[PDB]
Amino acid sequence: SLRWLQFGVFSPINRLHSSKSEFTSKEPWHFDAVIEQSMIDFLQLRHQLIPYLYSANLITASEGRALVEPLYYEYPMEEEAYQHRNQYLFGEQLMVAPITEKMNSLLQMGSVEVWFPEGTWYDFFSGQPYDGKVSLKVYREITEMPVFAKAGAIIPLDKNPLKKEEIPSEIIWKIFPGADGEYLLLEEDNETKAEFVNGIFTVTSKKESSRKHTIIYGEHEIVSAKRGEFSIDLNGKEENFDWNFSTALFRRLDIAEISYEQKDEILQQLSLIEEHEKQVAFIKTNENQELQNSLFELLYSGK
Amino acid sequence: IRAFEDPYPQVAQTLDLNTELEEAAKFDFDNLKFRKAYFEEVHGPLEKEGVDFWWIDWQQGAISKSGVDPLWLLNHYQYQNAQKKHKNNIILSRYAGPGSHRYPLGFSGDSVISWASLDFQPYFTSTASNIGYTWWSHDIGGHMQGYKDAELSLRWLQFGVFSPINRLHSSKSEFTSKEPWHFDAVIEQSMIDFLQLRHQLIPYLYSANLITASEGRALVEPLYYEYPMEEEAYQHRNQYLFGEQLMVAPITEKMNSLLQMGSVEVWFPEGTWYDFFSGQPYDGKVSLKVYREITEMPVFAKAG
Amino acid sequence: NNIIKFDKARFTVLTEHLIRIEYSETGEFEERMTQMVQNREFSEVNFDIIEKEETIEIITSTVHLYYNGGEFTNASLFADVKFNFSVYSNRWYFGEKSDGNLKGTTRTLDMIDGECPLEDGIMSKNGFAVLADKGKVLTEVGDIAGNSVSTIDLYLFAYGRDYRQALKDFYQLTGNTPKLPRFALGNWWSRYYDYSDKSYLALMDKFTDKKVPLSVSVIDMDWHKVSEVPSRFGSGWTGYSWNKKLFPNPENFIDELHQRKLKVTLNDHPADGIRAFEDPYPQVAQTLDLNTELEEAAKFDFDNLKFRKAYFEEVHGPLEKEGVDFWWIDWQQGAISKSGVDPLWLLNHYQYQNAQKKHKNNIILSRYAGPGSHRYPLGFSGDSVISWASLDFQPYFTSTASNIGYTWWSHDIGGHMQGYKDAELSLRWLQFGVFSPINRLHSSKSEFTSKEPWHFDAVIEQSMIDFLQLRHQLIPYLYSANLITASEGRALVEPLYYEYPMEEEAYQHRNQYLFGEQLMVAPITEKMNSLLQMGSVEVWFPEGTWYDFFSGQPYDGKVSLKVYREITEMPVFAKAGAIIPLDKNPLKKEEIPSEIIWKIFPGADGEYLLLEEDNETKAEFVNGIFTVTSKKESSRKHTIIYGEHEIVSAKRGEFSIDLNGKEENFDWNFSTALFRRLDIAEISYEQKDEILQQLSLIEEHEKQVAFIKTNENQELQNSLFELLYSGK
Ligand SMILES: OC[C@@H](O)[C@H](O)[C@@H](O)CO
Ligand SMILES: OC[C@@H](O)[C@H](O)[C@@H](O)CO
């Protein structure tokens, strides 16, 4: 039910529905506290995405571009773009690889094989980095979805998803460091251009308005509730996400339903072995094949 | 007490040791002067800093010149010495044979973390009453090695709350903490609820403690103590009487994923029984498989 | 000085790490040698004593040994080591076992299919071991004298993880291993088969035709009467009388083997003694005054001086006169004797002594007879079951034996009896055998178990012939190591933990070993994966740069890496700067090589000392300069191979050559190796094509590894990973 909702949020329309059974309600509070909270978080995220969704709607209607695109629309000459049936582009800034198989109980994580095009990619939620071009098995807890953004991506989010407003009074601009980027937010009665060029972020609009703009640069909120058109130099600011190998490794070993002797040995050897190639050699000896692939994803992001 | 230790100068003077050769005060509990140095000059300064009682952690065998197990010498003499610190003081140490119940508490040590270890422990604990050793303190959730399973940790804590002592402990792993918040919101909340319940039960537990001491009745009784002529009382190894008012059937096997519930076969003696938590009723005498979510434990009370 | 008495005990501090402990009811302590101990003369060492009325403590650099008086008990006699290898296994108690012992060996592999228990050795991960001396005392000249007056006699070893020094001082205490003769280090031929003189000589000539060198010709029990023995005598198992239908002129047959430069040994089953149908019986019956009309047997009795003398002079004597060079003592009839001395120990002790009258540095072939019996090489492990499990045990069994100083185990290469046919098992076993102390092919009485290479298909036969030639190329290296065992107490075969005592991985690769000082061996002891058409073993590479000795495939240490080989290749490695001498002429019958190849592994300095019968030759590699010198001059011609290329051919005398200009790199390359492994693999052609294309196209090493990580064949992932690791 939770994986299906994760997909629905990153689908054209997010309509919860069920047949006549007393037992098939999609109410988040039908489920346990963990599932309930994750469902509520995703349902709030859908409303946060409405500006991005409404803009892409106006693009479909005016320029004949689909919100959801097969990978081969953007990468028609890459063979891997035809080999990831459930992977897609979601508007122009986001790439989605939904987890659609039950978790491996030994890992306490589900997984999907992701194709990362040439470029630097970040997990939209965690900032975990990936060097494209590569095909890589990625693992997530049942509460986390594989959604990626390129260096230079700019995504607008409604800052007030619960407040009943015909158009957002406040937009968060979420920026992924490491390249130039551009987002055009089309609305009922405006257009707003966010530009990021040699570390300069500039917002302009065809019409003035009372809208207040929040800017998040990688990890850090730089500007809260700033009105009107402006420019800010982000060259001074920390470009790096907090995501780190050591923290992620500890979490994956800690949730895994494996032997404590194996957890201890993996934590000790990956902490002690400095050379990346010898860390990979160490995980290649592990008898649990899916555990190897999970540890490999962390070592590949951390390379 | 070896030559690097803080108390060594004082012990070396007391026992006439050659300090330039770094002569150790070797463990010798057969020796009156060694024991006196151990209690007065080694434990003494640590008790003056505020140590209330001693966890004697002996795993080095049964060899002495007297032929007396050093574990028995430690438990006997340290229990006696503990009464100078505090009225009705305790130790925490392994079982030293029949009569060593005079030196509570029992400490069962380095269990492997497994469903198997949990499934043995209620039987182990009630069976110990048959040699009068009624205060076993097990590492709740298991000590070492074994496998991670948050459900196992939660079932183990349910049992510990309805055991003689509820001591959370783990080995040296970064991964084996028994903190409730180590686990997900569901497991964490249930663990917190069970830990609160242990303190709710202290009046009951403390009253039963006075009964053990004055009347020779175990807190944890095998079913056959109350029902000696009932064959079913010999066929439910993990089922027990917990004081005089409660019957416990801990769940000690992983849940059936299709039901999202664990189960145990309970024998209900003649009479009307209720689930202590839910009020679910049961007409005895019957043997019935009972099912609980991982957050719920089978504990029963009779009408009245 | 180094002797302290207290109560009824005596303590001798032989080294800072070695203490003799004795108890005596009579106040007399034992000075005589024992079956085990040959020498208690050691240089004075420093230690401290705390002696009180009722207690003594002896303190060395590595142990506190305590005695509280009275009879030795676990409470009265104990010791703490001055190490922290364990949290609480650092105490020895008299008569108690502690954990950490790395084991030693056992009498035999008779009837063992896979693993069997071993006795304790003198080596422990926790730093101490006790070696009980339960043997009889010897006379000056080495005869059994009777019971020790030291009714308890123990050696406490407290060497920590200085395993090499423990073994050195054990050899000082128990006597060094004698020198082997060079002939023992070549290939032996053996088979429990009723050869005639003609059929045996035809086989030796077939070995020559097939380019397989041999040093020893074993003749098993069918040399003597078997089925002809009248049943009133018992069986034909014991025999001292030639079957004259098979060997009508024994002395001529043995001269024929001698003319082929082969040493000859006969199987001896001693246990039924010399019975009345035997050819030597009239002479033995005269000497021992037996009742010949009642057919009184000379029953086996090695406690008896007159029996031993009759056995040596009147039974072995005539066979040795016919040309028998040395004795295969094949005892499987138990440990019972009036003296309480194991008949196997008496045989090994006395036959090894007697064998020295025949030849300088002569040998026997016999089962292990307990601590000190390394004085009577060679070891014979006996009737192993022909199985993968038995081969998988054998490397571990062999290196572990060094922990009780028994360094010359000769296993039946390819296993002895029963079990199952598998040509690949036979080939893997020979690979190990070649890199073992002794390479003796042998088999039980089956028509189907010959170890002849031509028993097998063309691929297996050629590989077997190649490995059998390699054994003879290795005799210089083996002989030099043999002189090092005899002179310095260093085993040819060492467990990894002798060199790397502090590396946990040195305890985790049971079948991996150092073979002399220049080579590290990881034999494959499991059947191949048919999908890969390769077998594999997990290898621990210590820090440093390693090369496959055969291929020059490189490995950056420290790493644990699964390595894959076709059934025709063995994992043997050498470090940067390794120098290994090879006989250039393994098939030529020379008493010492006329020509040595010097194989140099580039990338560091190195040094090798080739010890011989009447020379020492030093090879030095310092800043790209290779230099050969010798204690004595000789006609010897030296060939130098530096990495891939022959630099100097057939150069005489001492000399120095600059190799700084020459190619250091081996040809071994990723692309060639990748193609070979994909090509032999029994996998889909679509997978082979895709792997070849992607690993060629993807340039970044980490993305090549990411590509192989997606492969659904887990073992193919590991095989491709080994290549990428070597190619990083
Ligand atoms: O002091 C460390 C010990 O291993 C303890 O943690 C055990 O609980 C003793 O049984
Ligand atoms: O003499 C026949 C024996 O069976 C030998 O072949 C064995 O190798 C002895 O162990």
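Protein chains get the first letters and strands the later ones, always in sequence-line order, with residue 1 at the start of each. Worth knowing before you read on, the calculation uses all heavy atoms, side chains too, and leaves out hydrogens, waters and symmetry mates.
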Give a yes or no on whether [X] atom [atom1] has more than 12 heavy-atom contacts from other residues, nucleotides or ligands under 6.0 Å away.
X        : atom1 : result
A/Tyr82  : OH    : yes
C/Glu644 : CD    : yes
C/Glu682 : CD    : yes
A/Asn235 : CG    : yes
A/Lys237 : NZ    : no
C/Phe675 : CZ    : no
A/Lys174 : NZ    : yes
A/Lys263 : NZ    : yes

Candidate pair A/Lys284 and C/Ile708, rule side chain to side chain contact (heavy atoms under 4.5 Å, CB included), full reasoning: CA-CA 11 Å; A/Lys284 207 66 201 71; C/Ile708 72 90; 4.2 Å; yes
Interface residues of residues 714-724 of chain C facing chain A - non-hydrogen atoms under 4.5 Å apart: C/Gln714, C/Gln717, C/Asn718, C/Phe721
Straight-line distance of A/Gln268 CD to C/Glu504 CD, nearest 0.5 Å: 11.0 Å
A/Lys278 versus C/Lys558, closest heavy-atom pair with distance: CD-O, 3.6 Å
Closest non-hydrogen atom pair between C/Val559 and A/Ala281, with its separation: CG2-CB, 3.5 Å
Segment of A/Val280 engaging chain C (4.5 angstrom heavy-atom cut-off): both
Heavy-atom pairs under 4.5 Å with chain A, option from C/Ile698, C/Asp556, C/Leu561 with the top count: C/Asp556
